[PDB]
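Here is the structure we will look at.
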Amino acid sequence: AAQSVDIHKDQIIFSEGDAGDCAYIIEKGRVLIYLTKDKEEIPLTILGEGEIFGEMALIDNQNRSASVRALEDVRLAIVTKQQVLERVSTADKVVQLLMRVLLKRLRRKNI
Amino acid sequence: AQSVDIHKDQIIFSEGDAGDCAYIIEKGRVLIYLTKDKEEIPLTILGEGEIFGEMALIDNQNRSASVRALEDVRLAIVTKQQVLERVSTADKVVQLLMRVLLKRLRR
Ligand SMILES: Nc1ncnc2c1ncn2[C@@H]1O[C@@H]2COP(=O)(O)O[C@H]2[C@H]1O
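So the protein lines, in turn, are chains R and Y. Read in order, the letters of the first sequence are residues 4 to 114 in full-length UniProt numbering. Read in order, the letters of the second sequence are residues 5 to 111 in full-length UniProt numbering.
What follows is the structure in structure tokens.
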């Protein structure tokens, strides 16, 4: 059950401060990552097809650091913790080992 | 599968060395560290079933840190060719996660 979701142009996918449960892979369209500071919207990046966002919510299970809006009609593949564990557990030993030390390193970094 | 034993306090490799393979710790523990002006700054300690020395392989440059054995250790050698082969053949979503992790670790 790898589910997709379609998102209309100009839809806020999520907002800075929101609860974070999953990441998203862009299957079609583009998205704006941004912050809002005193009613002024400050862009950070634009992501397109085959790129992933919201991944700190996935590994660390905490709030959204930025807002994300769709610049056009987009499709998103939802990536949930259950999928990640399932895919890492079923992976090759060396790949599993790399994923572990990467995640362990990213936790020490973000301290 | 070739293994290698490393004596306690042996430098496995050093920051700045050429990087040809990674290692999975089969026995013992290892210290990952940097050296700044004869002062040694620890980063992490890894133990059994953990892997190091990947970064030279996937990013294709030198060793970013030094590694020493804290006790007698045994290491399974994983050649560069194996690591690239196994990561490239891995599942699309897993590859995508590894990329953004690495991109984050660089920033
Ligand atoms: N915080 C870290 N900084 C640099 N290297 C690290 C760190 N944690 C683990 N390592 C590992 O130490 C290794 C040092 O040589 P590599 O560049 O080949 O790959 C590195 C990583 O696998």
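For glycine and all other residues, C-beta sits at the position ideal for the given N, C-alpha and C.
Contact test: residue i Cβ vs ligand 1 heavy atom, cutoff 6 Å
i	result
residue 59 of chain Y	yes
residue 48 of chain Y	yes
residue 45 of chain R	no
residue 36 of chain Y	yes
residue 68 of chain Y	yes
residue 56 of chain R	no
residue 108 of chain Y	no
residue 20 of chain Y	no
residue 51 of chain Y	no
Residue i (DSSP reduced to helix, strand or coil)
i	result
residue 108 of chain R	helix
residue 18 of chain Y	coil
residue 62 of chain R	helix
residue 31 of chain Y	strand
residue 101 of chain R	helix
residue 96 of chain Y	helix
residue 88 of chain R	helix
Any chain R beta carbon closer than 7 Å to residue i
i	result
residue 95 of chain Y	yes
residue 100 of chain Y	yes
residue 71 of chain Y	no
residue 105 of chain Y	yes
residue 15 of chain Y	no
residue 29 of chain Y	no
C-beta neighbour in chain Y for residue i, strict 7 Å
i	result
residue 90 of chain R	yes
residue 55 of chain R	yes
residue 109 of chain R	yes
residue 58 of chain R	yes
Contact under 7 Å by Cβ, residue i with residue j
i	j	result
residue 74 of chain R	residue 35 of chain R	yes
residue 60 of chain Y	residue 19 of chain Y	no
residue 21 of chain R	residue 67 of chain R	yes
residue 85 of chain R	residue 23 of chain R	no
residue 26 of chain R	residue 55 of chain R	yes
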